[PDB]
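**Q** just coords:
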Ligand SMILES: [Cl-]
């Protein structure tokens, strides 16, 4: 029943595609109020619609200076992988090949 | 950029009543299942003070009389019951995206009982006169509402030029306003006239409050 | 114990630069964004940007990019803002604030910037003595630059019934007045003195209010 992290995140492992077409990322929390839920969302390029899905069940910051693994199923094509609140918010580009 | 539109620009609310102010975002300020908008209170001469974060979460230590509501684009701040120390300007802010933007602000006026000004007139001091200056000062203190007109008379003739006015902010304890009106003249013009009058016309009376002195 | 102490009011010539400071204490300076907010006189709030002192990351509002430069020093727990090629639109109060959580929870007291080619000048302080039950007295603080002045009565012993009016600006000079109300039984048996300070000209004037007669 944790609230969202208010601080910032650093990319420790850049987006990599798995053999299942999913993506994995590792981010490390900078700030306080942890344990806290990592704010995570996938959007279209216009930042108007939330897309895809988190595979990681409730990603929580549980350690000081240690990365947290996040796995997600992005939509096909271009999307933004958005992590953390503003002004530190990470905005990562991703392209998933194929169609449904 | 997101535009935060505050409504109304100003409002007067009676002591103990309920005050509701509105803030509309030009686009959704929601992310991660939450509303990235916050409410602040700014009292004269002070920095803004955070009241509510994420549209509805009351800051620690702030009275439960303040309530935030809303999601996406439509938000409100409620003050219930209104107290004297609530005399302030209220701002909404979004931080869902960069640049972070503020609403134009809503000034809250505390509506107390009408009170006539206590009027006091003061001749130029000897100190000022010896340096060729002549400022005639008039205080119009602790009145309600703020709307007042001051009229200066020199030997019964109205004088509009050389008058500077200054109003205090609404008092945080008694909810009144005070005002100073200064008529600056040359030592020469001051010395060639005798009767100096400060006339206040306030809602409290159809008869003006007239204070005066004779230079002699 | 969270505190943000800002530097004093400043005057700067048009086209010059200023560097303002914001000293933080009472929290881990490197664990929160330190943000800057501008307020023009009688106007609203505008977000300039934020700095993360832990790695010197910055986020600016585009309109301040060529104008403002944010820096931070880990060692002294101090954030700075440099304002360049100063114009009249830059005259404002500049606040620093900590983004403790979802929003700005702790704020500095603000630093006033006056963009002007006007010269520092001390005020003249004039007593305002009447020309029943309660008497109103006052002080006229005329012709000073820049703001502010501090006005007290009997070294702060008379605080109730005091009205210190916002200064009025005319011909590059500020003029202000202050009134005090006391019982008629107390004046002139008990002395009434206004204490006027103008820090920019290192002026401290004590003005005793004497009955005219
Ligand atoms: Cl913020």
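**A** Nice, thanks for sending it over. Numbers count the residues shown, from 1 in each chain, chains lettered A, B, ... in the order given.
**Q** Could you check how many residues crowd around residue C:176?
**A** 23 (other C-beta atoms under 10 Å in any protein chain shown). Where C-beta positions appear, they are placed from N, C-alpha and C, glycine not excepted.
**Q** Relative to the whole chain's centre, how far out is the helix or strand encompassing residue B:22?
**A** Residue B:22 belongs to strand B:19-25 when assigned by DSSP states H and E. Remark: strand B:19-25 is offset 20 Å from the chain centroid, using C-alpha atoms, centre = their mean, to the nearest Å.
**Q** Show residues contacting it.
**A** The contact list for strand B:19-25 (C-beta atoms under 8 Å, 6 or more residues apart in numbering or on different chains) reads B:2-8, B:11, B:13, B:37, B:39, B:72-80, B:82, B:86, B:90, B:92, B:94, B:103, B:106, B:108.
**Q** Just the buried residues from those, in PyMOL please.
**A** Selecting only the buried entries of the contacts of strand B:19-25 in PyMOL, with 16 or more other C-beta atoms under 10 Å in any protein chain shown as the criterion:
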select buried, chain B and resi 2+4+6+13+37+39+73+75+76+77+79+82+86+90+92+94+103+106+108
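**Q** which SS class is residue B:171?
**A** coil (DSSP: H, G, I helix; E, B strand; the rest coil).
**Q** Touching, residue B:175 and residue B:85? I think so.
**A** No: when contacts are counted by C-beta atoms under 8 Å, residue B:175 is not listed as touching residue B:85 (9.7 Å).
**Q** Among the two, which residue is more densely surrounded?
**A** Ranked by neighbour count (other C-beta under 10 Å), residue B:175 and residue B:85 place residue B:175 first, with 20 against 14.
**Q** residues touching that one, list them.
**A** Applying C-beta under 8 Å, 6+ apart, the residues contacting residue B:175 are B:15, B:84, B:87, B:110-112, B:144.
**Q** before we move on, what about residue A:74?
**A** A:22-23, A:42, A:51-52, A:81, A:94, A:96.
**Q** ditto for residue C:175
**A** Contacts of residue C:175 by C-beta under 8 Å, 6+ apart are B:164, B:182, C:140-144, C:167-168.
**Q** switch to 6 Å and redo it
**A** Contact analysis of residue C:175 by C-beta atoms under 6 Å, 6 or more residues apart in numbering or on different chains lists C:142, C:168.
**Q** If you count neighbours, what's buried in the helix or strand containing it?
**A** Per DSSP H and E, residue C:175 falls inside strand C:173-183. Counting neighbours by 16+ other C-beta under 10 Å, one finds that the buried residues in strand C:173-183 are C:173-182.
**Q** any idea which of these is closest to residue C:67?
**A** For the buried residues of strand C:173-183, the closest approach to residue C:67 (C-beta to C-beta) belongs to residue C:174, at 26.4 Å.
**Q** List the beta-bridge partners for the closest one.
**A** Residue C:174 has these beta-bridge partners by DSSP bridges: residue C:144, residue C:169.
**Q** thinking it is in contact with residue C:143, fair?
**A** No: taking contacts as C-beta atoms under 6 Å, residue C:174 lies outside contact range of residue C:143: 7.5 Å.
**Q** helix or strand right after the strand holding residue C:175?
**A** Following strand C:173-183 toward the C-terminus (DSSP H and E): strand C:193-198.
**Q** Show me what the helix or strand just after that following strand pairs with in its sheet, parallel or antiparallel.
**A** For strand C:193-198, the following helix or strand on the C-terminal side (DSSP H and E) is strand C:203-208. With DSSP bridges as the test, strand C:203-208 is paired with strand C:193-198 (antiparallel).
**Q** quick one: the strand it pairs with to strand C:173-183, angle?
**A** Between strand C:193-198 and strand C:173-183, the angle formed by their directions is 160 degrees, by axes from the mean of the first three to the mean of the last three C-alpha atoms, to 10 degrees.
**Q** mind checking how far strand C:193-198 is from the chain centre?
**A** The answer for strand C:193-198 is 16 Å, by C-alpha atoms, centre = their mean.
**Q** Can you name the residues in contact with it?
**A** Counting by C-beta under 6 Å, 6+ apart, residues outside strand C:193-198 touching it are C:122-123, C:125, C:139, C:141, C:144, C:149-154, C:204-208.
**Q** Where does residue B:190 sit: helix, strand or coil?
**A** Classification of residue B:190 using three-state DSSP returns helix.
**Q** ok, it - how many residues close by?
**A** Residue B:190 - counted by other C-beta under 10 Å - has 22 other residues nearby.
**Q** For chain A, state which of the buried residues of strand C:173-183 is nearest.
**A** residue C:174 (37.4 Å; C-beta to the nearest C-beta).
**Q** How about the residue most central in space within chain B: what's its closest non-neighbour residue?
**A** The centroid of chain B falls nearest to residue B:169 when counting by C-alpha atoms, centre = their mean (4.1 Å). Spatially, and ignoring its direct neighbours in sequence, residue B:169 is nearest to residue B:44 (4.1 Å; C-beta to C-beta, 6 or more residues apart in numbering or on different chains).
**Q** next one: residue C:187
**A** In space, and not counting its chain neighbours, residue C:187 is closest to residue C:135: 5.2 Å by C-beta to C-beta, 6+ apart.
**Q** Any idea what the one you found is bridged to?
**A** Going by DSSP bridges, residue C:135 forms beta bridges with residue C:182.
**Q** near the ion, which residues of chain B?
**A** Counting by C-beta under 5 Å from the ion, the residues of chain B lying close to the ion are residue B:95.
**Q** if you set the cut-off to 6 Å instead, what comes out?
**A** B:95, B:100 (C-beta under 6 Å from the ion).
**Q** Of all the residues in chain B, which one is nearest the ion?
**A** residue B:95 (4.4 Å; C-beta to the ion).
**Q** what's the residue of chain A found nearest chain B in contact with, if anything?
**A** Using C-beta to the nearest C-beta, residue A:39 is the residue of chain A that sits closest to chain B, at 4.3 Å. Under the criterion of C-beta under 6 Å, 6+ apart, the contact list for residue A:39 reads A:4, A:84-85, B:32.
**Q** Now do the helix or strand harbouring residue B:6: distance to the chain's middle.
**A** Here residue B:6 sits within strand B:4-7, counting by DSSP H and E. In terms of C-alpha atoms, centre = their mean, the centre of strand B:4-7 is found 19 Å from the chain centre.
**Q** ok, and does that strand reach over to chain C?
**A** No: Strand B:4-7 lies apart from chain C when judged by C-beta under 6 Å from any C-beta of the partner chain; the minimum separation is 9.3 Å.
**Q** now for that strand, which elements pack on it?
**A** strand B:19-25 (3 or more C-beta pairs under 6 Å, 6 or more residues apart in numbering or on different chains; DSSP states H and E).
**Q** The strand it packs on pairs with which strands, and in what direction?
**A** Partners of strand B:19-25 in its sheet, by DSSP bridges: strand B:4-7 (antiparallel), strand B:74-79 (antiparallel).
**Q** Show me the contact partners of the first one.
**A** Where contact means C-beta under 6 Å, 6+ apart, the residues beyond strand B:4-7 that reach it are B:22-25, B:92, B:94, B:101, B:103-104, B:106.
**Q** quick one: which of those is nearest to chain A?
**A** Among those, residue B:94 lies closest to chain A (C-beta to the nearest C-beta), at 9.5 Å.
**Q** Relative to residue B:35, how far out is the nearest residue to the closest one once chain neighbours are set aside?
**A** Leaving aside its sequence neighbours, residue B:94 sits nearest to residue B:29 (C-beta to C-beta, 6+ apart; 4.4 Å). Distance from residue B:29 to residue B:35, counting by C-beta to C-beta, to the nearest Å: 6 Å.
**Q** check contacts around residue B:136.
**A** Contacts of residue B:136 (C-beta under 6 Å, 6+ apart): B:183, B:196.
**Q** secondary structure class for it?
**A** From three-state DSSP, the assignment for residue B:136 is strand.
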